[PDB]
Amino acid sequence: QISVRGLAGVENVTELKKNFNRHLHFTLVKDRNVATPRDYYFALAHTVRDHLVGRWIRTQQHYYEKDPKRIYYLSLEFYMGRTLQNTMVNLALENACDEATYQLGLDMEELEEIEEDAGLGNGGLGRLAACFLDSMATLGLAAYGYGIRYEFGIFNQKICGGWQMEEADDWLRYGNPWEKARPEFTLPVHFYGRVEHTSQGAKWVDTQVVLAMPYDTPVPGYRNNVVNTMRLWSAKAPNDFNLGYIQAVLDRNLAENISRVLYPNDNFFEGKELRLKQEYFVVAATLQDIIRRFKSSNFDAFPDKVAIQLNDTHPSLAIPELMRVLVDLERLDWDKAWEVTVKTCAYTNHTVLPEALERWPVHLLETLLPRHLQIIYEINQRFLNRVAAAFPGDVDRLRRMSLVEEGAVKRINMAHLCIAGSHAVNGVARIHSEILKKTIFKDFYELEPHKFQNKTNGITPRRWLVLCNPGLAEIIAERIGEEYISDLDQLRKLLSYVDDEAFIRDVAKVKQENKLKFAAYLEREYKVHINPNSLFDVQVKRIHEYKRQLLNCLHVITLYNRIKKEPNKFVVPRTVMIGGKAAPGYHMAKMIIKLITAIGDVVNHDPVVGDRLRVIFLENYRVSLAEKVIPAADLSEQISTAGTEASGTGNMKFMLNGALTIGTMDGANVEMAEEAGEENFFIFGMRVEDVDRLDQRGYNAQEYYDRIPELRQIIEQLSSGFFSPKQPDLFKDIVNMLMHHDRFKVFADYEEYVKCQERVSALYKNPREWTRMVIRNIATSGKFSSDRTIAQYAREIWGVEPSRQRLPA
Ligand SMILES: O=C(/C=C/c1ccc(O)c(O)c1)O[C@@H]1C[C@](O)(C(=O)O)C[C@H](O)[C@@H]1O
Ligand SMILES: *Cc1c(COP(=O)(O)O)cnc(C)c1O
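Numbering (the authors' numbering), first residue to last: 12 to 254, 261 to 314, 325 to 836.
This is the structure in structure tokens:
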């Protein structure tokens, strides 16, 4: 029906129909009379997968024959979402599959909704890994994503009586048609044991063995016939494990628990043994695979054929594991092995919050990984000898830079290990990378300035425009053609349409159509009744104090109080939508969800407010829900305290999809404003330097309460039970934190936020000028393609040239 979805040729549709029927009969063992909607989805998925396999086999052969440098992207999280539609998009099959399914009496969009998200990540870090795989394949790089096949991904969120409840995400229950088990590449991973020194060096002995079984998933590039691999490891017990008899067999579960569940902690490090086991498991299995593939081409060439990218410190044990293999097993001298290791590894940092840094207790590493601890101590001693020679007498610098932190419990600082053992260290937006050089890693920058880089984050325009917003993709394609989908800078050409009355109308119509469709989805799945003429004000992301959902809540209560004070005054109607998951042990984040729902309970049932203000908590925010809500948004809330959000990527998704942004000068917001023009962004609040100045004097929240009567009224409403009438003190923890212990200075940005929100409302009353500003944002969003990001990694870190040429079909 629309050009960006491809051709529906006669031969193609006919063939798709016959293969669909073949899978329904032979694969699923059903006839049309007893087939359930789930059967139809599986028949379709198997049909589409059949089109990947020839290209997958041919791509992997091509890499064997050409022998390029291989890129290994190591991550504990891959937040992939659904695969069916993405696969159709990248193989240009969407219109054909639509027509084929239509002709069988089926609605393809309905079948798409049956697929489970692959929710193998928490938020931004996991999704960046998924966007990166898509871009690496689209740029023709010989790239592999390596992680863990968690049996249970991020929990499904239910809201009961306004409180978050967690339930298990049993995403594999019905099977996964995209993965291929590769039991023949099963490898042993070792734990515990002890170290014996011999004439022939050290030996790690008396270990427990767990098997790592790989499952491969295809990663198709955009219309270029490249299909790369994501390899995920699953834990299996050996067959003699513990071998009364019954209990020995049941105890196999202890080994297999390694790959059972994703830790749901976004930004709060816990030193749990099971998590450490996951980290080593993924590293040890992956490195054996890497070395195997390298041997089937002398270790001096290893960094010419291999790059390893560490997605945060979670796979940081790759550094001492590579040293262990090179020294203990291959018998390279230390200095040679270290040179190879450093030249092979690179590290990406994703946060500056100190509570998110991995600092493992020494006693844990000593029991679990005794040889690795010895290697780490040796790395540290040699590293500090270099620091001492560069900065003689600077004894305090030696303690600050050490990998080993002294204290009540000794710990290993994993970030310090990653810097020491990597040839490149990068942050994820310009301001963040600057902050790394000036503050937390200043000592390391002074020692080795050349290591430190920036690579500003991006998002894939396949998932985040073509897939989720085909209406927008099409009206763009009508004027500038299709090339922009793999070269997003071509969106700049849209600036010449900013005064085009037809283009203005089309852009605004697409937003309206997306809003209507989203409003309908709300009514159907969640019984909720919104006004699609209102401004859609959305904040979706994980719930954390630094992201300041609480600041949004204060604004919502302010509008409510203004309405109550002057009920017969006109106000621009809003639907305020907030969604996101809280980590199960994070009490304050759970209290914030309850506050949002309790505000909703008052505001949504006040007859004086009417349809002028609605507050909705979007349950179970995940990749598939992001694809629905983001195209429907008018206003994107990106309101973290300056200095706390390393980059953000939700921000970029909203910009691409025709929302305007209200935000602080934080993370990538800075670069987004710079690209669009500050006049086309709603910027407010303290800059990083203002936060610094306040810290030096001391933040006193009382001063703001004392000086702003509107803020004082809200705090008194919260305290006295206005929003919790049956439990008057329900929110006293929230009040106490804001008044006495707020690390993120919510009150300090309140006045400027409210004023800036009044300017947003003023512009929304003038649809033509609203839409013109939107066009200026979409037109300048090209920098934020993950294709640009990956090209920079490839050239500046990995030493490989991207390619846009097709492989033969
Ligand atoms: O998602 C994470 C961290 C996850 C994490 C930390 C510690 C753990 O122990 C853990 O299990 C997870 O950071 C993201 C990264 C980001 O989306 C990006 O570059 O992609 C940029 C954002 O600003 C955001 O802060
Ligand atoms: C993009 C995305 C995120 C990251 O959003 P931020 O606003 O950058 O934290 C988190 N969760 C999901 C499901 C996403 O798609």
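Don't be surprised by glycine CBs; every beta carbon is placed ideally from N, CA and C.
Using a Cβ-based criterion (distance less than 7 Å to any ligand heavy atom), does residue i qualify as near ligand 2?
i: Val537; result: no
i: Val650; result: yes
i: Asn496; result: no
i: residue 255; result: Missing from the coordinates is residue 255; the shown part of the chain jumps over it, going from 254 to 261.
i: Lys437; result: no
i: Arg569; result: yes
i: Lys482; result: no
i: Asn678; result: yes
Quick one: does the C-beta of residue i sit closer than 7 Å to a heavy atom of ligand 1?
i: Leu139; result: yes
Taking C-alpha atoms, which residue in the options lies nearest to residue i?
i: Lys621; options: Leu757, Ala248 and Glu22; result: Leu757
i: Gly20; options: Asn284, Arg649, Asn106 and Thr368; result: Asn106
i: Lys28; options: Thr112, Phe311, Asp733 and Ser746; result: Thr112
i: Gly17; options: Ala500, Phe774, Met682 and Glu705; result: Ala500
i: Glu433; options: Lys591, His390 and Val583; result: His390
i: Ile735; options: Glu26, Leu581, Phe143 and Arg386; result: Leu581
i: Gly685; options: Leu518, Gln729 and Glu572; result: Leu518
i: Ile584; options: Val555, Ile623 and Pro559; result: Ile623
i: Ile486; options: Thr676, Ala806, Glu123 and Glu120; result: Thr676
i: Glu405; options: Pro199, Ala364 and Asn804; result: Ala364
i: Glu178; options: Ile165, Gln12, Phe326 and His201; result: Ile165
i: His477; options: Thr58, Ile824 and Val220; result: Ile824
i: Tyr780; options: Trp797, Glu796 and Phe711; result: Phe711
i: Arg205; options: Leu198, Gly690, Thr197 and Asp217; result: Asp217
i: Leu35; options: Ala46, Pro497 and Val636; result: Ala46
i: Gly448; options: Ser460, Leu463, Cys372 and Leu474; result: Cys372
i: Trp797; options: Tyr573, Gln211, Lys538 and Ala141; result: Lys538
i: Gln71; options: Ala328, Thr228 and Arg426; result: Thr228
i: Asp516; options: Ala272, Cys171, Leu95 and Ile805; result: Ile805
My guess is that residue i and residue j are in contact by the Cβ rule of under 8 Å, so how many angstroms apart are they, rounded?
i: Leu834; j: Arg69; result: 7 Å
i: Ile502; j: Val534; result: 7 Å
i: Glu296; j: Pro342; result: 7 Å
i: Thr816; j: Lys482; result: 6 Å
i: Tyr84; j: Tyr155; result: 7 Å
i: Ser314; j: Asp78; result: 6 Å
i: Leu384; j: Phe298; result: At roughly 21 Å, the Cβ-Cβ gap does not stay under 8 Å, so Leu384 and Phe298 are not in contact.
i: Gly116; j: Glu88; result: Their Cβ separation, rounded to whole angstroms, is 40 Å, which puts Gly116 and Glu88 out of contact at 8 Å.
i: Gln832; j: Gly151; result: 7 Å
i: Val801; j: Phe709; result: Going by Cβ atoms, the distance from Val801 to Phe709 rounds to 12 Å, so no, they are not a contact pair.
i: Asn696; j: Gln665; result: 5 Å
i: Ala673; j: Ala456; result: 6 Å
i: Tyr648; j: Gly612; result: Not quite, the Cβ-Cβ distance comes to about 19 Å (not below 8 Å), so this is no contact.
i: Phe202; j: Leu395; result: 6 Å
i: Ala153; j: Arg242; result: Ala153 to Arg242, Cβ: 14 Å. No contact.
i: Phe37; j: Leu55; result: That belief does not hold up - the Cβ atoms of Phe37 and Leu55 are roughly 15 Å apart, past 8 Å.
i: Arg489; j: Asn97; result: 7 Å
Can you tell me which residues fall inside 6 Å of ligand 1, judged by beta-carbon distance to its nearest heavy atom, and keep chain order? The filter returns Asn133, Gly134, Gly135, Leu136, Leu139, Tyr280, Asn282, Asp283, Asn284, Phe286, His377, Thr378, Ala383, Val455, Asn484, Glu672, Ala673, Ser674, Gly675, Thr676 and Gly694, in chain order.
Ranges of the beta strand (DSSP E) found wholly within the region 433-464, counting only runs of at least 3: As summarised for the region 433-464, the continuous beta strand (DSSP E) elements at least 3 residues long and confined to that stretch are 438-440 and 451-454, given in chain order.
What residue ranges within the region 651-702 form continuous alpha helix (DSSP H) runs of no fewer than 4 residues, ordered along the chain? Whole alpha helix (DSSP H) segments, 4+ residues: 677-683.
Which runs of the beta strand (DSSP E) spanning at least 3 residues fall entirely within the region 579-604, listed in chain order? Correct list: empty.
What ranges does the alpha helix (DSSP H) occupy inside the region 786-814, keeping only unbroken runs of at least 4 residues that lie completely in it? Qualifying alpha helix (DSSP H) stretches, in chain order: 794-806.
Counting only runs that start and end within the region 71-120, where is the beta strand (DSSP E) found for 3 or more residues in a row? Whole beta strand (DSSP E) segments, 3+ residues: 81-85 and 89-92.
Length-filtered (3 minimum) beta strand (DSSP E) runs lying within the region 199-232: List check, beta strand (DSSP E) in window: 212-231.
If you scan the region 332-389 from start to end, which runs of the beta strand (DSSP E) of 3 or more residues do you find wholly inside it? If we require 3 residues or more, the beta strand (DSSP E) runs fully inside the region 332-389 come out as 333-338, 372-375 and 386-388.
Just to confirm the assignment: which complete alpha helix (DSSP H) runs, minimum length 4, are found wholly within the region 517-574? Secondary structure remark: continuous alpha helix (DSSP H) runs of at least 4 residues inside the region 517-574, in chain order: 528-553.
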